[PDB]
Each structure stands twice: as structure tokens, then as C-alpha cells.
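Undergrad: What follows is model-v2.pdb, PDB, C-alpha atoms.
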ATOM      1  CA  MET A   1     -10.513   7.511  19.904
ATOM      2  CA  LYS A   2     -12.510   4.467  18.829
ATOM      3  CA  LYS A   3     -14.557   2.177  21.048
ATOM      4  CA  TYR A   4     -13.711  -1.551  20.980
ATOM      5  CA  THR A   5     -16.080  -4.412  21.663
ATOM      6  CA  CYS A   6     -15.480  -7.829  23.148
ATOM      7  CA  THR A   7     -16.728 -10.194  20.461
ATOM      8  CA  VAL A   8     -17.279 -12.918  23.047
ATOM      9  CA  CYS A   9     -19.618 -11.179  25.561
ATOM     10  CA  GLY A  10     -20.390  -7.740  24.067
ATOM     11  CA  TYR A  11     -18.611  -5.529  26.641
ATOM     12  CA  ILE A  12     -17.662  -2.138  25.206
ATOM     13  CA  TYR A  13     -14.354  -0.526  26.004
ATOM     14  CA  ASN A  14     -14.894   3.231  25.924
ATOM     15  CA  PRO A  15     -11.578   5.117  25.958
ATOM     16  CA  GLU A  16     -13.219   8.171  27.629
ATOM     17  CA  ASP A  17     -14.027   6.008  30.679
ATOM     18  CA  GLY A  18     -11.070   3.638  30.596
ATOM     19  CA  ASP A  19     -11.080   0.693  32.989
ATOM     20  CA  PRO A  20      -9.525   2.411  36.007
ATOM     21  CA  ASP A  21     -10.109  -0.356  38.574
ATOM     22  CA  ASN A  22      -7.789  -2.518  36.464
ATOM     23  CA  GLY A  23      -5.222   0.235  35.920
ATOM     24  CA  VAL A  24      -6.408   1.558  32.559
ATOM     25  CA  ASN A  25      -6.892   5.298  32.963
ATOM     26  CA  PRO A  26      -9.506   7.383  31.159
ATOM     27  CA  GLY A  27      -8.103   8.522  27.820
ATOM     28  CA  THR A  28      -6.210   5.323  27.056
ATOM     29  CA  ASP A  29      -6.403   4.149  23.459
ATOM     30  CA  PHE A  30      -7.138   0.407  23.169
ATOM     31  CA  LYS A  31      -3.782  -0.290  21.469
ATOM     32  CA  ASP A  32      -1.930   1.202  24.461
ATOM     33  CA  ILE A  33      -3.717  -0.925  27.066
ATOM     34  CA  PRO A  34      -1.118  -3.362  28.476
ATOM     35  CA  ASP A  35      -1.370  -6.586  26.484
ATOM     36  CA  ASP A  36      -2.045  -8.775  29.534
ATOM     37  CA  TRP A  37      -5.315  -6.914  30.208
ATOM     38  CA  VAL A  38      -8.512  -8.989  29.948
ATOM     39  CA  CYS A  39     -12.180  -8.141  29.502
ATOM     40  CA  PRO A  40     -13.491  -6.938  32.892
ATOM     41  CA  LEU A  41     -16.777  -8.865  32.412
ATOM     42  CA  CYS A  42     -15.868 -12.269  30.885
ATOM     43  CA  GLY A  43     -12.064 -12.434  31.200
ATOM     44  CA  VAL A  44     -11.019 -13.098  27.582
ATOM     45  CA  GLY A  45      -7.914 -11.453  26.158
ATOM     46  CA  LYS A  46      -7.468  -8.379  23.954
ATOM     47  CA  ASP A  47      -7.264 -10.559  20.817
ATOM     48  CA  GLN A  48     -11.046 -11.180  20.950
ATOM     49  CA  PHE A  49     -11.826  -7.454  20.736
ATOM     50  CA  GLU A  50     -12.620  -5.580  17.555
ATOM     51  CA  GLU A  51     -12.772  -1.934  16.647
ATOM     52  CA  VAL A  52     -16.237  -0.410  16.507
ATOM     53  CA  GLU A  53     -16.399   1.605  13.261
TER      54      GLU A  53
END
Mind converting the file's structure to C-alpha cells?
TA:
Amino acid sequence: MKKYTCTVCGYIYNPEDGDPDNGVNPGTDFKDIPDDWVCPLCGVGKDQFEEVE
């Protein structure tokens, strides 16, 4: 699974770690994160994230 980066602040979503404190379990692909989730550091929405190739 690919990492995604917040293009506003630089936070990296790593699917191996998830974001469990906000209900995103380890192993969750970015696309499957509920679409009301926001960056845990700066608070912007999923639409400001981009796939890390």
C-alpha cells in the first residue's frame, strides 16, 4: 500500500501505522479512510493529499 502526503503541511500517512486515535486502523488504504477524515497535524481534508510514488 502506498504512503500519501499532505501537500499543505507535509504529514505522511503510512498505511502500516494508520491513524488509530482517529479511528483509522493499521492496514487501511488511504482510499478507504472515511472521507470526513482530516490531517491529524494541520486539519485539512483528504483532497489536499497526494500519493507518494
Undergrad: Pick the closest to residue 51 in chain A from A:9, A:25, A:30, A:17: which is it, counting only C-alpha atoms?
TA: A:30
Undergrad: Going by the chain IDs and residue numbers used in this file, which residues fall under the PyMOL selection byres ((chain A and resi 40) around 12)? Write them as JSON, numbers by chain.
TA: {"A": [5, 6, 9, 10, 11, 12, 13, 18, 19, 20, 21, 22, 23, 24, 37, 38, 39, 41, 42, 43, 44, 45, 46]}
Undergrad: Which of these residues is nearest to residue 28 in chain A, using only C-alpha atoms: A:3, A:53, A:48, A:8?
TA: A:3
Undergrad: Interatomic distance between CA of residue 31 in chain A and CA of residue 14 in chain A?
TA: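 Those two atoms sit 12.5 Å apart.
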